[PDB]
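To start, the structure under review is shown below, and the notes come after it.
Residue numbers start from 1 in every chain, and the chains themselves are labelled A, B, ... in the order their sequence lines are given, proteins ahead of strands. The analysis underlying the following values was restricted to heavy atoms, covering all of them including side chains, and did not include hydrogens, waters or symmetry mates.
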Amino acid sequence: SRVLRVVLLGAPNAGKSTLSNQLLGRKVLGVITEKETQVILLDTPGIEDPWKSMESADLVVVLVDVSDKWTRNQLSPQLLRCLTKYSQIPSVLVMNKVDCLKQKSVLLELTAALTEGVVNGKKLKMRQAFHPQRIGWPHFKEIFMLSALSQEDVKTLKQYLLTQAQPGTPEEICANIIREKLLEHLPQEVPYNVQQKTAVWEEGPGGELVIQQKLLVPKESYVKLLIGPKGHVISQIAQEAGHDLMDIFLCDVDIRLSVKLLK
Amino acid sequence: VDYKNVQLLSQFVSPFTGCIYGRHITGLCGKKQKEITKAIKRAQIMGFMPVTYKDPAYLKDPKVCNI
Amino acid sequence: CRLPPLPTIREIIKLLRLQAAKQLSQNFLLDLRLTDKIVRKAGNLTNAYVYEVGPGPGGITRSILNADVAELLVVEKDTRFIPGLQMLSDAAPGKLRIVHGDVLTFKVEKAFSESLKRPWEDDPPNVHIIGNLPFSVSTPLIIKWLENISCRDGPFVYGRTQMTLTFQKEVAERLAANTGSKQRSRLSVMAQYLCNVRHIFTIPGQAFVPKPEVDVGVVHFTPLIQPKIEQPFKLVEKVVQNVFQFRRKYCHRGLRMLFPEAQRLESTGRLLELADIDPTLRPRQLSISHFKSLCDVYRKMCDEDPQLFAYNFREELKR
RNA sequence: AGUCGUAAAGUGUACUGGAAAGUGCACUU
RNA sequence: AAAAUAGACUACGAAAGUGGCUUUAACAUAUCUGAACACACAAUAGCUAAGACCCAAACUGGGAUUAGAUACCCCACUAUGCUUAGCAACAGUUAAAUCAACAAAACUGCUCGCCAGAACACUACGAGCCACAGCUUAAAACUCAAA
Ligand SMILES: [Mg+2]
Ligand SMILES: [Mg+2]
Ligand SMILES: [Mg+2]
Ligand SMILES: [Mg+2]
Ligand SMILES: [Mg+2]
């Protein structure tokens, strides 16, 4: 039996949660068991929790968003401190959201900047033209270039991680799905200010799951945004939410969404 | 509609939560909806009807609600 | 005297390595003409010793050096500007003396020679301070320097050194507020019983290259030969703070909190009656003479009651 | 003026002594 | 203490406002317009007295943080949030070219109030408070061909 504790570090919106979900194969600490290997992924908040996770880490996966022009050119100082104090733990660089890059050859230069020209103890000599606060981390064991959103080559990282292993409520679910749909469809802060209240949850005469959920908001403009033109917006949400539920509980579900102002 | 007729008033509440149904579910004209609402509250506060659930003795009465 | 051209905002973004203009978290006055105006309002600087704080890009530095100063002591916190200030020093040899450190802890009292020290009652001692600092740093600085004037130490070991500092327009108005004005507050009294304070002019926010949503006032301080209250600084500070904590209520509502609850009623009345403060005076209607009276009587009350001066009514409300 | 330089968000009000504006209370989309 | 469901209801009340249950009182007026000055209410500021203080909280302290830290996080506690007592209408028309535009389709009749350039301009001769140096409080002239 082989086990590997891997901790995900990086910027807030570097996609750590997305990559963890893709590795797990489900949108959810996570455990990936395959044959005789067990990989424990520890998702940490973006930059006390990351350091405490490092205290029990066998491998570190440093995610960098290449699409973000502001932060792609350097590793954040706190991340560099984290790696320096735990230099003994192996670290692997993952350049996420490559699909968003228009000119992807840029990646190459970024590597030289992020790895300081050294990877896995070997220098990255590169044909050289015609003749202090650290910016990178020269002790990365390996480099990956992937896009977690499209699952592009996440399988390669999964197989790599498997290789480095060393011998050794339903109402809540429905609320989470509705929250996801609200986030996807509603603008700005509105989906963060919607309170949900389960009104009816029962089994109908035909074996279906009859759900009536109430969407409470503090403002009338939020009600208008929720209902949308001619009731389209809310309607769309319900159907999509219902469709997701079709796959989660494996039955027929009649979900009805009603919007009321918080008094 | 009488507050003592708990059997009839239980035909208009949720079996699992005891919440009162609306006219879109019950199908009553608004006046009888008001009578049923007031009767249910009167029975609940006078110790005739449960509030957080439907009395199990009346779970097998005819279903007149469109839910 | 030929000096290097002023850096434009492009070179400044390149120098701070931000690569964009909406991430400075700082506003620079890159108009040598307004800085000429400020240095003009600072007085006649010919052969003067100027302690310039918050140099930054160096518009104020260039303006001051354009005036025939003798020594210009510069104190910069950031090291990305020291290269530019070194180029400035080389362009004007012998006049610019650059130092790295915080202005809140830097010791100006040893900076200049001891041949410049004039007596307190004589004229201002040819040593000036000019400052365009972040407003998050100029208020603690002016409080510290007001304490120094009260103690006649620090930058005022040379005598009555004159100061020219930039504050926010509201803060500058409050520093230079008169009795009864809507801007009369703690800062007004604290500055005014120790200094002659003058709000000269206001620079609109549109004149600063990243334009702030506020205006900027320039205020000149000259220490007073005779302070209007001869008490320790912390005592006056306590009295003023307790008077102004309730700005819209009668002055006694704020003055009762200097005393423990047990003796609050009688002690407050004794304070007011041994002073001659009419208790219907609201805090903005108190002149520095009313505060002198209150401070004298309160010093007495503390001197015949040791425990009083350390009393904090919130530490008694905790229990 | 050049015989100068350069490329969630708001509205009020109150306080503001770490005010290049912040916080508190009430409102608007 | 404040009232999930009903309420996808739109009722009651002059307005502000009123949606837990029971009971008792109880919801003016048989034409309309007509109040600064009459009587009832109602709301909005700002201060004054006392009182309560769970909770929250401008200010005020304390703790942690970059390399002008987080203005922004945490703790404590004030004012305050609380409780008293005080300081266009009405009736009829849709026929006409409806129709400066923009809003909100235009109309009549009948009555009350209000309106005759910028200008609800600016200004402190002065007055009150203060008590030598500051605060609060104005109309008119005057000017212009605009606004
Ligand atoms: Mg503040
Ligand atoms: Mg505000
Ligand atoms: Mg009448
Ligand atoms: Mg508290
Ligand atoms: Mg009338």
Side-chain N or O of B:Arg23 closer than 4.0 Å to phosphate OP1/OP2 of E:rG7: yes

Near-parallel close bases E:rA8 and E:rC9 (centres under 5.5 Å, planes under 30°): no

Separation between the P atoms of E:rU78 and E:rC54, rounded to whole Å: 9 Å

Cation-pi, C:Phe201 ring and C:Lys37 (6.0 angstrom, 45 degrees): yes

Interatomic spacing from CD in C:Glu316 to OH in C:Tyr311 - rounded to 0.5 Å: 3.5 Å

Side-chain donor/acceptor contact of C:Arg33 with base of D:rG2 under 3.5 Å: yes

Chi-angle category of E:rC130 [syn within 90° of 0, anti beyond]: syn

Quiz item: C:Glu237 side-chain donor-acceptor pair to D:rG17 base, under 3.5 Å: yes

Ring-ring stack between E:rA25 and E:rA26, thresholds 5.5 Å and 30°: yes

Atom NZ of C:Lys14: over 12 foreign heavy atoms under 6.0 Å: no

Pairwise 5' ranking along RNA chain E for B:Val51 and C:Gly101, keeping only the more 5' one: B:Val51

Sugar-phosphate, base or nothing in reach of C:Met257, heavy atoms under 4.0 Å: nothing

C1' spacing across the pair E:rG61 / D:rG17, given as an integer number of angstrom: 12 Å

Assigned partner base of E:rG19, Watson-Crick or wobble definition, under 3.5 Å: E:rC9

Protein-to-nucleotide contact annotation, 5' to 3' order, nucleotides 18-23 of chain D [B base; S sugar-phosphate only; - none; under 4.0 Å, heavy atom]: BBBB--

Ring-ring stack between E:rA85 and E:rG86, thresholds 5.5 Å and 30°: yes

C:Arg253 side chain near E:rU48 phosphate (N/O to OP1/OP2, under 4.0 Å): no

Same-atom distance (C1') from E:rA50 to E:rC87, integer angstrom: 15 Å

Complement of E:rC135, any strand, by Watson-Crick or G-U distances under 3.5 angstrom: E:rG128

d(CZ, C:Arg247; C1', E:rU60) in whole Å: 16 Å

Most 5' of C:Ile9 and C:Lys182 on RNA chain D, judged by nearest nucleotide: C:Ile9

B:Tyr3 ring center near B:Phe48 ring center (under 6.0 Å): yes

Any C:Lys249 side-chain nitrogen or oxygen under 4.0 Å from OP1 or OP2 of E:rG46: no

Sugar half of pseudorotation for E:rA133 [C1'-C2'-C3'-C4' sign: + north, - south]: south

5′-ward residue of the pair C:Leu317/C:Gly54 relative to RNA chain E: C:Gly54

Sugar-phosphate, base or nothing in reach of C:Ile143, heavy atoms under 4.0 Å: base

Donor-acceptor pair under 3.5 Å, C:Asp78 side chain vs E:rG68 base: no

Separation between the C1' atoms of E:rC122 and E:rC144, rounded to whole Å: 14 Å

Separation of E:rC74 P from A:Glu48 CD (nearest whole Å): 13 Å

Stacking of E:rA57 on E:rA58, centroid gap under 5.5 Å, tilt under 30°: no

E:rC21 to E:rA2 separation - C1' atoms, rounded to the nearest Å: 15 Å

Heavy-atom donor-acceptor pair, B:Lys41 side-chain to E:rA6 base, under 3.5 Å: yes

Phosphate OP1/OP2 of E:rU60: any C:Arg186 side-chain N/O under 4.0 Å: yes

Nearest-angstrom distance, P atom, E:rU48 to E:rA79: 13 Å

Chi class for E:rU10: syn within 90° of 0, otherwise anti: syn

Sugar-phosphate only, base, or nothing, as touched by C:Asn312 at under 4.0 Å among non-hydrogen atoms: nothing

Mate of E:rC47 where both pairing distances stay under 3.5 Å, Watson-Crick or G-U: E:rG86

Touch class at under 4.0 angstrom, heavy-atom based, for B:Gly22 against every strand present: sugar-phosphate

Salt bridge flag under 4.0 Å for residues C:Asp31 and C:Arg33: no

Face-on cation placement of C:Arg186 at C:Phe244 ring, 6.0 Å and 45° thresholds: no

Whole-Å distance separating the CG atom of C:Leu29 from the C1' atom of D:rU6: 14 Å

Below 4.0 Å: OP1/OP2 of E:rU22 and any side-chain N or O of B:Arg42: yes

CA sep, side-chain torsions, deciding dist, call: C:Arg174, C:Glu170, salt bridge (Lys or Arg N to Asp or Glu O under 4.0 Å): CA-CA 6 Å; C:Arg174 297 166 79 92; C:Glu170 288 80 0; over 6 Å; no

P spacing across the pair E:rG134 / E:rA138, given as an integer number of angstrom: 23 Å

N-glycosidic conformation, E:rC132 - syn within 90 degrees of 0, else anti: anti

Sugar-phosphate only, base, or nothing, as touched by B:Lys38 at under 4.0 Å among non-hydrogen atoms: sugar-phosphate

Six-membered ring stacking of E:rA124 and E:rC125, under 5.5 Å, under 30°: no

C1' gap between D:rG24 and E:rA71, integer Å: 14 Å

For atom CD of C:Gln192 and atom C1' of E:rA133, their distance in whole Å: 12 Å

